[PDB]
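Notes follow the structure.
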Amino acid sequence: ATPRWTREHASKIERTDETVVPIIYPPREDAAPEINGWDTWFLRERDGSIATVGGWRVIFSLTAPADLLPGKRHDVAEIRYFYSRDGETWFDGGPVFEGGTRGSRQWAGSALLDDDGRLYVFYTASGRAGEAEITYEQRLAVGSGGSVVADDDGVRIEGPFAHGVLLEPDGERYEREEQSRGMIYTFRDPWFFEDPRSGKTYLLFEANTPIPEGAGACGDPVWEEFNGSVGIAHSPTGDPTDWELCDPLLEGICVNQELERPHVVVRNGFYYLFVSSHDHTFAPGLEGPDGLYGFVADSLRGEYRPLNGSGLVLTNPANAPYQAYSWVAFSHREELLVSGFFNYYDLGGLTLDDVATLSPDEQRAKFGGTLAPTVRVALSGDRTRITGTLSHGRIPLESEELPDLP
């Protein structure tokens with residue numbers, strides 16, 4: 001009886017003054033002008049707080065050379081880390097892994113600085129190392145055994161790193177590549193999460209749930225091709241490398257194909273599940289924008305219901321609809337901060353597939369590759385409201401006070 005983001009929900013999706021973010025303009029300086037970054041995550045303690053090592057925060061980004069065309073950056077994505085003392089001025093720390101990485105390339109994940117001091121960097125292994133032609137096989141892997149050292153000049157993430165695959169789709173609860181109809185399947189974005197109530201250890205991820213041929217599970221056969229779901233795995237011992245698959249938390253069958261980068265924020269006893277999603281991954285008959293969608297329940301594996309009635313928590317304005325993507329939510333004392341990245345801007349009227357026609361520089365000029373202005377929202381139940389923004393890529397601690405709001 002897995003909870004469902006239903007079509008009756010998605011039909012109500014609509015931009016409102018409470019869900020549209022302000023226009024993002026390019027920032028004054030870049031931490032590294034020679035690199036593009038997207039899909040970023042924080043180094044967190046086991047409980048979920050932003051980890052601090054000798055006064056420094058650490059974040060991780062997917063990166064590709066700025067020389068490269070945007071459309072293809074996902075084929076050569078490498079994980080880099082950045083560190084900061086305040087939360088605004090980030091220093092480039094270079095690649096986190098010196099090879100031995102699983103997959104042809106790496107996609108987004110999460111990072112855990114355990115109590116023992118061991119560093120675990122969960123990521124997605126896209127493809128297999130040293131393939132002939134690029135494949136789209138996705139597996140949940142981890143780079144265990146890292147050591148983070150911090151003097152007063154910066155932060156070093158050193159080896160030796162040990163990499164292995166943690167999870168692959170079983171084919172019964174989570175669809176395999178062979179089973180994928182319609183668009184390419186998904187099995188990626190591992191996010192570590194310790195439940196602050198039970199204490200149990202979980203790992204969330206984005207998956208698809210298999211629907212048999214002719215199953216009749218939907219009112220139209222084509223709709224069954226859109227089978228995105230948020231899967232979860234459990235660790236009985238708590239070891240961040242020993243996992244067993246569970247039944248999925250939420251399914252968007254006949255609504256959306258990709259529920260990208262899922263994560264949970266627990267706030268005063270309520271579990272808010274957030275997922276980013278594209279507009280082109282919606283099933284036919286539904287119109288939803290690129291945005292952060294959210295659901296709330298009273299337990300981690302409970303009956304999720306969509307925020308704001310439709311599910312839309314946060315979205316870009318109509319006249320700049322691709323400016324940000326891949327949002328992550330995190331608590332700061334009585335606000336919820338949401339950090340995305342600066343994606344596609346200054347399109348005028350063009351669609352994303354239209355941009356592929358343009359000359360190399362006209363494409364590179366329309367891609368940010370930096371952090372978006374951190375958005376401040378206020379949760380009030382199953383209803384949200386955008387309350388403001390902060391500086392570009394501001395990740396503050398709960399120890400820090402944020403500017404006042406109108």
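By convention in this document, the chains of the structure tokens carry letters A, B, ... by their order, each chain's residues are numbered from 1, and ligands are numbered from 1 in the order they are shown.
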Excluding range 52-63 of chain A and its own-chain neighbours fewer than 3 positions away, which residues fall within 6 Å of it when counting only C-alpha atoms? Please give them as a list in words.
residues 36, 37, 38, 39, 40, 41, 42, 43, 77, 78, 79, 80, 81, 82, 83, 84, 85 and 150 of chain A
Counting only C-alpha atoms, give me one row per residue of range 338-383 of chain A with an atom at most 9 Å from an atom of range 319-332 of chain A, showing the shortest contact pair and its distance in Å to one decimal, sorted by chain then residue number, as a Markdown table.
```
| residue | atom | partner | partner_atom | distance |
| --- | --- | --- | --- | --- |
| A:338 | CA | A:329 | CA | 4.4 |
| A:339 | CA | A:327 | CA | 5.2 |
| A:340 | CA | A:327 | CA | 4.0 |
| A:341 | CA | A:324 | CA | 5.5 |
| A:342 | CA | A:324 | CA | 4.7 |
| A:343 | CA | A:324 | CA | 4.9 |
| A:344 | CA | A:323 | CA | 4.8 |
| A:345 | CA | A:323 | CA | 4.9 |
| A:346 | CA | A:320 | CA | 7.2 |
| A:347 | CA | A:320 | CA | 7.5 |
| A:348 | CA | A:319 | CA | 7.9 |
| A:349 | CA | A:319 | CA | 8.2 |
| A:352 | CA | A:322 | CA | 8.5 |
| A:367 | CA | A:323 | CA | 8.7 |
| A:368 | CA | A:323 | CA | 8.3 |
| A:371 | CA | A:324 | CA | 8.9 |
| A:372 | CA | A:324 | CA | 6.7 |
```
Counting only C-alpha atoms, what is within 8 Å of range 376-381 of chain A, bar same-chain residues fewer than 6 positions away, as a PyMOL selection string?
chain A and resi 334-338+387-390
Need to verify the contact set: residue 116 in chain A, 12 Å, only C-alpha atoms, exclusion of same-chain residues closer than 5 positions in sequence. Can you return it as a PyMOL selection string?
chain A and resi 45-46+145-147+239-240
Using N, CA, C and O atoms, can you export the residues from the last selection as an mmCIF file, in the first residue's frame?
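Wrote it out as out.cif, contents follow:
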```cif
data_model
loop_
_atom_site.group_PDB
_atom_site.id
_atom_site.type_symbol
_atom_site.label_atom_id
_atom_site.label_comp_id
_atom_site.auth_asym_id
_atom_site.auth_seq_id
_atom_site.Cartn_x
_atom_site.Cartn_y
_atom_site.Cartn_z
ATOM 1 N N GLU A 45 26.979 15.404 9.908
ATOM 2 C CA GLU A 45 27.179 14.438 10.976
ATOM 3 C C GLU A 45 26.131 13.331 10.861
ATOM 4 O O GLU A 45 25.254 13.354 9.996
ATOM 5 N N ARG A 46 26.234 12.330 11.734
ATOM 6 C CA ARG A 46 25.315 11.201 11.646
ATOM 7 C C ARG A 46 23.873 11.634 11.901
ATOM 8 O O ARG A 46 22.946 11.144 11.241
ATOM 9 N N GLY A 145 36.170 5.153 4.171
ATOM 10 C CA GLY A 145 37.503 5.197 4.735
ATOM 11 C C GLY A 145 38.287 6.458 4.478
ATOM 12 O O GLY A 145 39.523 6.421 4.501
ATOM 13 N N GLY A 146 37.617 7.591 4.264
ATOM 14 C CA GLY A 146 38.347 8.821 4.064
ATOM 15 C C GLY A 146 38.726 9.472 5.371
ATOM 16 O O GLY A 146 38.111 9.225 6.413
ATOM 17 N N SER A 147 39.747 10.327 5.310
ATOM 18 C CA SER A 147 40.185 11.070 6.488
ATOM 19 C C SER A 147 40.202 12.559 6.173
ATOM 20 O O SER A 147 40.862 12.984 5.222
ATOM 21 N N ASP A 239 25.990 0.053 10.311
ATOM 22 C CA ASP A 239 27.158 0.170 9.457
ATOM 23 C C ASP A 239 26.780 0.902 8.171
ATOM 24 O O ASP A 239 25.872 0.454 7.460
ATOM 25 N N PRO A 240 27.439 2.001 7.839
ATOM 26 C CA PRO A 240 27.052 2.752 6.635
ATOM 27 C C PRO A 240 27.335 2.035 5.319
ATOM 28 O O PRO A 240 27.147 2.617 4.247
#
```
Using only C-alpha atoms, find the one residue out of A:359, A:135, A:316, A:235 that sits nearest to residue 22 in chain A.
A:316
Give me the range 187-229 of chain A side of the contact with range 161-179 of chain A, cut-off 6 Å, one line per residue showing its nearest atom pair and distance in Å at one decimal, counting only C-alpha atoms, sorted by chain and residue number, as CSV.
```
residue,atom,partner,partner_atom,distance
A:208,CA,A:175,CA,5.3
A:209,CA,A:174,CA,4.7
A:210,CA,A:175,CA,4.6
```
Write out the residues from the selection above, keeping C-alpha atoms, as a PDB file, in the first residue's frame.
```pdb
ATOM      1  CA  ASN A 208      11.516   3.272 -10.487  1.00  0.00           C
ATOM      2  CA  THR A 209       8.952   0.673  -9.516  1.00  0.00           C
ATOM      3  CA  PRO A 210       8.283  -2.066 -12.073  1.00  0.00           C
TER       4      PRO A 210
END
```
Using only C-alpha atoms, what does the table of range 205-280 of chain A residues within 12 Å of range 184-200 of chain A look like, with each row giving the shortest atom pair and its distance in Å to one decimal, sorted by chain and ascending number, as CSV?
```
residue,atom,partner,partner_atom,distance
A:205,CA,A:190,CA,4.6
A:206,CA,A:188,CA,5.4
A:207,CA,A:187,CA,4.5
A:208,CA,A:186,CA,6.0
A:209,CA,A:185,CA,9.4
A:210,CA,A:185,CA,9.9
A:225,CA,A:185,CA,9.9
A:226,CA,A:185,CA,9.8
A:227,CA,A:185,CA,9.1
A:228,CA,A:186,CA,7.9
A:229,CA,A:186,CA,9.2
A:230,CA,A:187,CA,9.6
A:231,CA,A:187,CA,8.8
A:232,CA,A:190,CA,9.0
A:233,CA,A:192,CA,9.7
A:234,CA,A:200,CA,7.8
A:235,CA,A:200,CA,7.5
A:236,CA,A:200,CA,7.4
A:237,CA,A:200,CA,8.8
A:238,CA,A:200,CA,7.1
A:239,CA,A:200,CA,10.7
A:240,CA,A:192,CA,8.3
A:241,CA,A:192,CA,10.7
A:243,CA,A:192,CA,11.1
A:256,CA,A:186,CA,12.0
A:257,CA,A:185,CA,8.3
A:258,CA,A:186,CA,7.2
A:259,CA,A:186,CA,9.0
A:260,CA,A:189,CA,7.3
A:261,CA,A:189,CA,5.4
A:262,CA,A:191,CA,7.3
A:263,CA,A:191,CA,6.5
A:264,CA,A:193,CA,7.7
A:265,CA,A:193,CA,9.4
A:266,CA,A:196,CA,8.1
A:267,CA,A:196,CA,10.3
A:268,CA,A:196,CA,10.7
A:269,CA,A:197,CA,8.5
A:270,CA,A:197,CA,10.6
A:271,CA,A:195,CA,9.7
A:273,CA,A:193,CA,11.6
A:274,CA,A:191,CA,11.7
A:275,CA,A:189,CA,10.8
A:276,CA,A:189,CA,11.3
```
Residue subset to file, keeping N, CA and C atoms, as a CSV table (one decimal), in the first residue's frame:
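Result file follows (selection28.csv):
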```csv
chain,number,residue,atom,x,y,z
A,205,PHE,N,17.0,6.8,-1.9
A,205,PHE,CA,17.5,6.9,-3.2
A,205,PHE,C,16.3,7.1,-4.2
A,206,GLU,N,16.6,7.5,-5.4
A,206,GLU,CA,15.5,7.6,-6.4
A,206,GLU,C,15.6,6.3,-7.3
A,207,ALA,N,14.4,5.7,-7.4
A,207,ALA,CA,14.3,4.5,-8.2
A,207,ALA,C,13.0,4.5,-9.0
A,208,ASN,N,12.8,3.5,-9.8
A,208,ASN,CA,11.5,3.3,-10.5
A,208,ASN,C,10.9,2.0,-10.0
A,209,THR,N,9.6,1.9,-10.0
A,209,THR,CA,9.0,0.7,-9.5
A,209,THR,C,8.4,-0.1,-10.7
A,210,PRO,N,8.7,-1.3,-10.9
A,210,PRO,CA,8.3,-2.1,-12.1
A,210,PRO,C,6.8,-2.2,-12.1
A,225,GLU,N,4.4,4.0,-18.2
A,225,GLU,CA,5.8,4.2,-18.4
A,225,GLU,C,6.4,5.2,-17.4
A,226,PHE,N,5.6,6.0,-16.7
A,226,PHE,CA,6.1,7.0,-15.7
A,226,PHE,C,5.9,6.4,-14.4
A,227,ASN,N,6.9,5.8,-13.8
A,227,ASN,CA,6.9,5.0,-12.6
A,227,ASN,C,7.9,5.4,-11.6
A,228,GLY,N,8.2,6.7,-11.5
A,228,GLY,CA,9.2,7.2,-10.5
A,228,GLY,C,8.7,6.9,-9.1
A,229,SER,N,9.7,6.6,-8.2
A,229,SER,CA,9.5,6.4,-6.8
A,229,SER,C,10.7,6.7,-6.0
A,230,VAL,N,10.5,6.9,-4.7
A,230,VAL,CA,11.6,7.2,-3.8
A,230,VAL,C,11.8,5.9,-2.9
A,231,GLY,N,12.8,5.2,-3.3
A,231,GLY,CA,13.2,4.0,-2.5
A,231,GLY,C,14.0,4.2,-1.3
A,232,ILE,N,14.0,3.3,-0.4
A,232,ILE,CA,14.7,3.4,0.8
A,232,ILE,C,15.3,2.0,1.2
A,233,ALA,N,16.5,2.0,1.8
A,233,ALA,CA,17.2,0.8,2.2
A,233,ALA,C,17.5,1.0,3.7
A,234,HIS,N,17.6,-0.1,4.4
A,234,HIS,CA,17.8,-0.1,5.9
A,234,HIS,C,19.1,-0.7,6.2
A,235,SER,N,19.8,-0.3,7.3
A,235,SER,CA,21.0,-0.9,7.8
A,235,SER,C,20.7,-1.5,9.2
A,236,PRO,N,20.6,-2.8,9.4
A,236,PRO,CA,20.3,-3.3,10.7
A,236,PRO,C,21.4,-3.0,11.7
A,237,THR,N,22.6,-3.2,11.4
A,237,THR,CA,23.7,-2.9,12.3
A,237,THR,C,24.1,-1.5,12.4
A,238,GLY,N,23.6,-0.6,11.5
A,238,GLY,CA,24.0,0.8,11.5
A,238,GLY,C,25.2,1.1,10.7
A,239,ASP,N,26.0,0.1,10.3
A,239,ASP,CA,27.2,0.2,9.5
A,239,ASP,C,26.8,0.9,8.2
A,240,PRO,N,27.4,2.0,7.8
A,240,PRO,CA,27.1,2.8,6.6
A,240,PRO,C,27.3,2.0,5.3
A,241,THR,N,27.8,0.8,5.4
A,241,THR,CA,28.1,0.0,4.2
A,241,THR,C,27.3,-1.3,4.1
A,243,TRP,N,23.6,-2.7,3.8
A,243,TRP,CA,22.3,-2.2,3.5
A,243,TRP,C,21.4,-3.4,3.0
A,256,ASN,N,5.0,11.0,-12.8
A,256,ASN,CA,6.3,11.5,-13.1
A,256,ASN,C,7.3,10.3,-13.2
A,257,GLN,N,8.3,10.4,-14.0
A,257,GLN,CA,9.3,9.4,-14.2
A,257,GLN,C,10.5,9.6,-13.3
A,258,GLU,N,10.9,10.8,-13.0
A,258,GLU,CA,12.1,11.1,-12.3
A,258,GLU,C,11.7,11.9,-11.0
A,259,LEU,N,11.9,11.3,-9.8
A,259,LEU,CA,11.8,12.0,-8.6
A,259,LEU,C,13.3,12.1,-8.1
A,260,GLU,N,14.0,13.1,-8.6
A,260,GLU,CA,15.4,13.3,-8.4
A,260,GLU,C,15.7,13.8,-7.0
A,261,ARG,N,16.9,13.4,-6.5
A,261,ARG,CA,17.5,13.7,-5.3
A,261,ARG,C,16.6,13.8,-4.1
A,262,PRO,N,16.1,12.7,-3.6
A,262,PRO,CA,15.1,12.8,-2.5
A,262,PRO,C,15.9,12.9,-1.1
A,263,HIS,N,15.2,13.6,-0.2
A,263,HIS,CA,15.8,13.8,1.1
A,263,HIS,C,14.7,14.1,2.1
A,264,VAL,N,14.9,13.9,3.4
A,264,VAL,CA,13.9,14.2,4.4
A,264,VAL,C,14.5,15.2,5.4
A,265,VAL,N,13.6,16.2,5.8
A,265,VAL,CA,13.9,17.1,6.9
A,265,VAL,C,12.8,16.7,7.9
A,266,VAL,N,13.3,16.5,9.1
A,266,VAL,CA,12.4,16.2,10.3
A,266,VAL,C,12.3,17.5,11.0
A,267,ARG,N,11.0,17.9,11.3
A,267,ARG,CA,10.8,19.2,11.9
A,267,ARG,C,9.7,19.0,12.9
A,268,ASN,N,10.0,19.1,14.2
A,268,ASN,CA,9.1,19.0,15.3
A,268,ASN,C,8.1,17.8,15.2
A,269,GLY,N,8.7,16.7,14.8
A,269,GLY,CA,7.9,15.5,14.8
A,269,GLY,C,7.2,15.2,13.5
A,270,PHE,N,7.5,15.9,12.5
A,270,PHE,CA,6.9,15.7,11.2
A,270,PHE,C,8.0,15.5,10.2
A,271,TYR,N,7.8,14.6,9.3
A,271,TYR,CA,8.8,14.1,8.3
A,271,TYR,C,8.4,14.7,7.0
A,273,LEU,N,9.4,15.0,3.1
A,273,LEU,CA,10.2,14.4,2.1
A,273,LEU,C,10.1,15.3,0.9
A,274,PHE,N,11.3,15.7,0.4
A,274,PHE,CA,11.5,16.6,-0.8
A,274,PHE,C,12.1,15.8,-1.9
A,275,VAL,N,11.7,16.1,-3.1
A,275,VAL,CA,12.2,15.6,-4.4
A,275,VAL,C,12.2,16.7,-5.4
A,276,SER,N,13.3,16.8,-6.2
A,276,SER,CA,13.3,17.7,-7.3
A,276,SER,C,12.8,17.0,-8.5
```
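From CA of residue 396 in chain A back to CA of residue 86 in chain A, the distance works out to 7.3 Å.
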